[PDB]
Each structure stands twice: as structure tokens, then as C-alpha cells.
2 protein chains.
Amino acid sequence: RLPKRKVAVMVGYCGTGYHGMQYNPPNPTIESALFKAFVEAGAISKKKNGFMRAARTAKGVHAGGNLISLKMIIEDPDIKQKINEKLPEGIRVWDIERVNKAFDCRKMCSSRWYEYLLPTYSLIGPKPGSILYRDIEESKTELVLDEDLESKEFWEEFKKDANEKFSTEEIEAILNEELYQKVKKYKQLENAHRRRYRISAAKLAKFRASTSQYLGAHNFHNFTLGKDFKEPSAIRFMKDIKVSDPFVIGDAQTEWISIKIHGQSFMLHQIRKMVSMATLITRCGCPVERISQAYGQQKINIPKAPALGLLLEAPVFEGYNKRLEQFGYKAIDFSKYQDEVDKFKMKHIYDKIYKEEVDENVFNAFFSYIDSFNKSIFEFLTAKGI
Amino acid sequence: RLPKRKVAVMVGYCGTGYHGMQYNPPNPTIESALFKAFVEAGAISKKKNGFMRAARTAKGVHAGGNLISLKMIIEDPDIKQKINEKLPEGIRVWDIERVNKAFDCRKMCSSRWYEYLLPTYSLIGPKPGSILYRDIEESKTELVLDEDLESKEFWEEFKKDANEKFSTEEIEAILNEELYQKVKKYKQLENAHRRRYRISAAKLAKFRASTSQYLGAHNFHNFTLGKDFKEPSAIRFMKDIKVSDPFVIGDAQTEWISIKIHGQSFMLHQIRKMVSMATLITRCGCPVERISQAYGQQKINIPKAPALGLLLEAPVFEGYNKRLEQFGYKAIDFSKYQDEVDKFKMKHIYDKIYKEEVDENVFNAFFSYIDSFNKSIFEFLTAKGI
RNA sequence: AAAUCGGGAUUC
RNA sequence: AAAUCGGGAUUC
Ligand SMILES: [Cl-]
Ligand SMILES: [Cl-]
């Protein structure tokens, strides 16, 4: 029976194929794989006496950095390498550091950094023929919304390319069939047109302003589930929002943007709902200030963005580092790993994101469902409600 | 580039932790693990040119025997052992046999055997205090339903045991707390009382009659989803139904029964809905003949039983064996493996079922939700509807 | 966080 | 078969 010390473990993972961070049998989770590696490496033996997590990343949500707290066997001086050898390629342990007895992953978390990877073709306007396009274009009863000749040019180049290859065969419905093969090739051509799209500087600036609409303290009751507008804990403080320059990655050469959000605390699916709302405001040509209207008591249903693009970048423990460094305890700083994670993120997270995006068309499917859906549609009009 | 022959592969698996049989990235499925083992063993290289499955077992559904058809590399005389070495312990390949070019897993499937493992305490009447118990007992407006002094004795022995250990503390609501620990121990005592239950011969005979209500050809539109009563394909033929004698298995010594259903063809979630309906009829004390009323055009919502207890025992290919044996092709008979599967079923399927039942309380949670739910409730009364 | 029961709108 | 968007009733 070896001794056990209460330590914090810094880890990172691609969340694809796992049912979130929190241990939840019988479905594979990040924590179940971590525990299997711990047992196979000698970190634990045989509730797990004080187990703790900093963030319960949802189904499919990745994390460049996450932390847990537990009583481990630190006797092996090469225990980290053993655990990493016993782990799958998509999960890694960055470090192991001793913590004080009163350490609490969640209560000592001062802030959180999140990153969302979004394909730039998500900001193209809805396809002509969709209900959202019909309702937005037919919003000439109040001539407020942008014109967005860029999306018009994209869709019309797609129409010219389709017509120069599918001589009025003209796909209409389907529910192992030569028709289906024809349709398959049309949708593949449309996806290829999406992948060749390069966002303009104006659309990027518009999206940056729409995301900047989130800075400061706001009532985010519409950006979660089961939160009342009058609840005081519905107010959240976003410290910073940064939208990266566009960047091309992958064999299909598809364009992406990185959205880093630093906030004091977040509610369930807050990041994805914010991202989705900013994307809809940008791609529909609405005044970005309308995002602030979402803070009102009127309830709006914001469909959360796909989990595939979400990464928990790092939890932050400001008070712990500032007020417990005199006790000899090492500070918890994920940036000390920043380069290593940066490699892992590119090799085992971002690559998975690009592969699943080009294989299953996650983002385009999400936005095609939004496009064809008869609360949010009203908000994205020229006229909202009140 | 090795040659490839079109073969059929006989496999078995525990479905826990997998998203069904059909290959469906990015979530792990039985077929994705099979393909990984195939690649690692040399069975395939690099749609999969004619891939076929006999049955698309749902999420969590096991199978003592399932079959697939594909073009494999059969050059290795020890290819089966290599694939099995490359497979996890919960998935096994029983055999590989050559098939004719026109072979079609699903179209040549003449019938199907299914097995459902049900804990006998699922047949105990609803707990006094539940809405279902209140509605059934208060069905004295039409004095039709059984009395079931056995369930009364069970619940009253539980009440005597609880009161002799929890002196009117008396748990009332909860939503890390000493109360919760008390409640935890009450529910554990109730679960232990359930695990010690041994079904009487009368209840077993009643359940056997309720299941026999399914024999022959019937309209099973209520025993699936999205099937209209007037659709001719809503009629299904059950060739045989056998309920095994009760048997005790596991460390907690819990009692189980095996329900084997041989049918020509089945609709989506038909087995689980039939099982659930028979169980409700038995545990509520209804005339078993009322099950035939479910074949009427009136729509009833039958909650499907947990997937944990379902096994696809074997698909059957009668016509293929009878009309293609002269062509030199070996018959496809899963019974030729019956002993081997029988070991695997006990070591990697039934054991998982018992462990998950005693760890997560799947069946009792399902029936506790049924018990407290304000269409089916009306059917389980003395008065149905019409 | 995850899972269940159903009901509604979609996706090779 | 699986997956998505939501809405409703539940489960350490
Ligand atoms: Cl999350
Ligand atoms: Cl199934």
C-alpha cells in the first residue's frame, strides 16, 4: 500500500468520440481513459476520495488545458511518462503538481479561456431558396440590413458552375439510385465551393464587432438553458474577445478563424450560443448592436454551435497563485506549457476538427438546418419584436 | 495488392459503450472496431465495395450472433485468429465463410432470434406512493385486475425493514449533504430488497401467457415508431416465444429470466416495446388478453425497454442454405457455434449486463420513471379506453 | 456533466 | 442504424 498525495493534474485532450470530461459509465469519457492510464501506470490502485475537475467539458468538446485534483501515488519519478504511455494519442497529461489540502478545482478557478474554431464559409449568407433567405430578403418592408454582395457573388458563381455541369437535370427531392448519385455530386460541388471561399476584410470586421458586443458584464440568460432573466447568477463578465485572422489548414484547404473568449465564468453552452448568435448576426447582415437586445428579458432560443469547434483553452487560478505562493506551493499556470499544447493542439485537436468538418460537413449541416426552420428567425429580421 | 473474395463474417459482441452495429463516425461502433481489427490483421487495406450487415443492432444492443458481408483478403490461413487478437475482448469473430456474388445479408435473412434478459424484480408491482400504483389501486370503480399479494408482501417487508433502521427521519425530497447520505442508504436498501426477490410460479406463468399473446401474425404498429396502422408492412409474424426459468447470476445474486423471441422480421425497437408491454401487463395485474387490444388502430405509446438486456441471438438464412447448398457454398448456421457463443455470452455479455444493472440500476430506474408519469397508463387500468 | 422516456423539426 | 437543433417529463 503506497502513499498518496493530493495533487493537481494538468491535461489536454481532443473530445471527439468521448462523452465529455466527467466520468460517466458506461460510456467512455476523458476521465475514464485517464483512470485506466493511471491504473496501468501505477498512479492509483484497485468515489475516488476527493476527486475534482475544473471544467466539465461537454460531449465532443476538446481542451488544450484542463485540470483535475485527486490523491495520486507520486512515488514513481517517471509516473507522468508512464501515464502518457498508457494513454491514447488524443489525451495527454501536461504535468502533475502538489496542491494544498483545501485545493478545489472549481472554487479556485478565477477565469476561463475558450477557443472556437469556425470555418469562414459559416459567415456566408443563407442559400437562395432557404426560408431564412426568403424571410431576410423579403424584409424590404423596412428598408436596416446589409446588402452583402459578397454572398450574392458566391452563390451566383456556384449557380454558374452548377449549370455548367448539370444541364437542367435539376435535383428536386430524395428520401443506390442514379438520381442520388447526381444529387451527391451537386452537394459535393457546393461543399467544394464553400471550401474555396475566402472571407473579405469587411465581413471579418463585422464579425469582430458582433463578438465585441459581448465584452463586459451582461445578462446571458438567453445564452444558456434553464436560466431565468431575473436570476442574479445569470449575469456573466466577459473580460476579452479576440477573433484571429483567417488561416487555411488541411488537405481540402479550408479557411478558419479562431475566437478566443476570456471570461470570469460561463454557463452551460454559453460559448457555443454566443458564437452561434454572432455568426447569425454576421451572415444575415444585421446591426451588431442588436446582439445587446438579446440581453433583454424577452426569451430567444439561440441554437448552440457545434461542439466540434470548442476547446477549453485553460482554466485560470489567479487567487490561488497570488495568495498561496508563500506556502511553497507551485503556481498553476497553463501558459508554462503553451508551446507543448500548441503542438498537440495542431496534431491531435485541430486536425481532427478539419477532418471531421470535411468528412461529415458538421458546420454546413448545422447552418443548413438553421436556414430552413420556419424565435431566432424573427430576431434576425430587420424588425425584431420590440 | 492482394486478391479479395466476397465472404460473410460471423461475429458476436457486447454492445455496451458502442453506438450500435452500423459504422457511424466519429462515434465508435461495432463495425469501426471490426474494421480496425481487419486493417491491423491484414484482412483489408488502406464505401467499402459492397459492405453489408444483417441486422443494425441499436445503441447498447448486444448480439450473440450477427453477420456481415464484404470483400476480404482471405490469403492468410490464420486470418481469423489475427483479427481476434486485434479485437477488444467484447467483440469476437466466430467464423469467415465464402458466399456467392448475389449474397445479401438482409434480403436473404429468413428470420431472427432475439434474447432479452430481464431481472425478475421488474415484475413486482409499482411502489406504493407512485402515480401508477395510485391509479391502479384506485381502479375499484370497476372491481378485472389481479390482487398480487406477492408485491404487497414485498413492499410491506421493505417498509418493516426501513422503519427498523430509519426511525422516522423519513426522506422527503433532494435536489455532499448528510440528508443525501441518508437517502442514499434508503435507496440502497430498497435496491437490496429488489435483488433478494424471487419470483413466484404464478407471476412467471402470468408473464409467460402475456408473452404468448404475441404468437402468430399481428399488427405491431404500436410496437415501433413511425408506422401507420393501415400500412401492410406493419404486420409481423412471431414464430415462437420462450421464457426461461428464473436463474440467479452475479455477486449480488440477482434473479433473471431469458425471453427468446423467434420472428420472421422485426420493426425498430419492436422487441423492447413487446417486452416492456408484457412486463407492464404482468406487474400491473391486467388480463393478458388486453395485449391483443394493442393491435387495434388506437395509438398507444409503449416505452421501449432498456437496450442493456437485448441480444440479437442469430439471424437465420433458411432459403440460402436450402437453395444454394448444391452450388458448393457452405450453409450459414450460427448454431454450429452455439457452444462457443454460449461461453462468450456468459463471460463478456451477461456479466456486463449484471454489472451495469447492479451499478447503475438501469431497469429499476426505467420502471420508476414509468411508475411516475401522470396513454399507457390508461391501458394498464381496469378500464382501457374502448 | 452525462444518461433515460417519449413527442417535434432536420441531416449519407 | 447513428447523429443534429430545440421543446417536455425523469434519473448519483
Ligand atoms: Cl463545454
Ligand atoms: Cl436493435
Side-chain angles (χ1 to χ4, degrees), chain A residues 15 18-32 53 55-61 131 183 225-226 268-269 272-273 276 301-308 356 359-372 374 376, chain B residues 15 18-32 53 55-61 131 183 225-226 268-269 272-273 276 301-308 356 359-372 374 376:
Chain A
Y18 291 93
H19 294 245
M21 176 74 182
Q22 182 166 354
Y23 178 73
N24 269 129
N27 305 281
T29 54
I30 306 292
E31 274 171 14
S32 58
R53 275 162 310 253
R56 304 168 291 167
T57 56
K59 211 158 83 202
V61 172
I131 282 271
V183 191
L225 278 140
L268 172 65
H269 305 137
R272 294 152 73 170
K273 284 190 190 287
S276 125
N301 178 74
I302 304 169
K304 53 173 141 69
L308 168 71
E356 212 188 311
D359 286 349
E360 338 283 352
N361 264 102
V362 174
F363 287 95
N364 187 51
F366 170 73
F367 283 107
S368 316
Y369 180 70
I370 302 208
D371 282 355
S372 318
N374 154 31
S376 214
Chain B
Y18 291 93
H19 294 245
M21 176 74 182
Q22 182 166 354
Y23 178 73
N24 269 129
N27 305 281
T29 54
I30 306 292
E31 274 171 14
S32 58
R53 275 162 310 253
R56 304 168 291 167
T57 56
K59 211 158 83 202
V61 172
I131 282 271
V183 191
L225 278 140
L268 172 65
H269 305 137
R272 294 152 73 170
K273 284 190 190 287
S276 125
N301 178 74
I302 304 169
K304 53 173 141 69
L308 168 71
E356 212 188 311
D359 286 349
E360 338 283 352
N361 264 102
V362 174
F363 287 95
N364 187 51
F366 170 73
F367 283 107
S368 316
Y369 180 70
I370 302 208
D371 282 355
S372 318
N374 154 31
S376 214

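For the numbers below, each heavy atom of this structure counts, side chains included, while hydrogens, waters and symmetry mates do not. Here is how names work: the chains are called A, B, and so on, in the same order as the sequence lines, proteins then strands, and each is numbered from 1.
- Looking at RNA chain C, the stems built from 3 or more consecutive Watson-Crick or G-U wobble pairs, each pair with its key distances under 3.5 Å, are C:2-4 with D:9-11, C:9-11 with D:2-4.
- Counting all heavy atoms, side chain and backbone alike, B:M21 lies closest to B:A55 at CG-O, 3.8 Å.
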Worked check of side-chain contact (heavy atoms from CB on, under 4.5 Å) between B:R272 and B:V61: CA-CA 10 Å; B:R272 294 152 73 170; B:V61 172; 4.2 Å; yes
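- Distance, B:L225 CG to C:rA9 P: 13 Å, rounded to whole Å.
- A:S276 meets the side-chain hydrogen bond (donor to acceptor under 3.5 Å, both in side chains) test with no other residue; sequence neighbours excluded.
- In this structure, the CD1 atom of A:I370 is 9 Å from the P atom of D:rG6, given to the nearest Å.
- The nucleotide whose nearest atom lies closest to any side-chain atom of A:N24 is, among C:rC5, C:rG7, C:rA1, C:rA1.
- Nucleotide D:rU4 holds its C1' atom 13 Å from the CG atom of A:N361, rounded to whole Å.
- With distances taken from any side-chain atom of A:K273 to the nucleotides D:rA1, D:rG6, C:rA3, the minimum falls on D:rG6.
- If you find the closest nucleotide of RNA chain C to B:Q22 and to B:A307, the one lying nearer the 5' end belongs to B:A307.
- Between the CG atom of A:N374 and the P atom of C:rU10 there is a distance of 11 Å, rounded to whole Å.
- Of the side-chain N and O atoms in B:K59, one or more sit less than 4.0 angstrom from OP1 or OP2 of D:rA3.
- In this structure, the side chain of A:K273 engages the main chain of A:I302 through a donor-acceptor pair within 3.5 Å.
- Among all heavy-atom pairs drawn from B:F366 and B:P303, the shortest one is CZ-O, 3.8 Å.
- Straight-line distance from the NZ atom of B:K304 to the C1' atom of C:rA3: 12 Å, rounded to whole Å.
- Here D:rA3 is the nucleotide among D:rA1, D:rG7, D:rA3 with the atom lying nearest to any side-chain atom of B:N27.
- Looking at residues two or more places apart in sequence or on another chain, you find a side chain to side chain contact (heavy atoms under 4.5 Å, CB included) between A:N27 and A:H19.
- Here B:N301 reaches the OP1 or OP2 of C:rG7: one of its side-chain N or O atoms lies under 4.0 Å away.
- Distance, B:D371 CG to D:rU10 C1': 12 Å, rounded to whole Å.
- Regarding A:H269, its NE2 atom lies at a distance of 9 Å from the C1' atom of C:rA1, rounded to whole Å.
- Listed candidates were D:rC5, C:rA1, C:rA2. Nearest to the side chain of A:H19 is C:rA2.
- When distances run from any side-chain atom of A:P303 to the nucleotides C:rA2, C:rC5, D:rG6, the shortest one goes to D:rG6.
- Going from atom CD of A:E356 over to atom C1' of C:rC12 covers 14 Å, rounded to whole Å.
- Side-chain N or O atoms of A:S368 include one that pairs as donor or acceptor with a backbone N or O of A:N364 at under 3.5 Å.
- Each of C:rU11, C:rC5, D:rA1 was ranked by its minimum atom distance to the side chain of B:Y369; first place goes to C:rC5.
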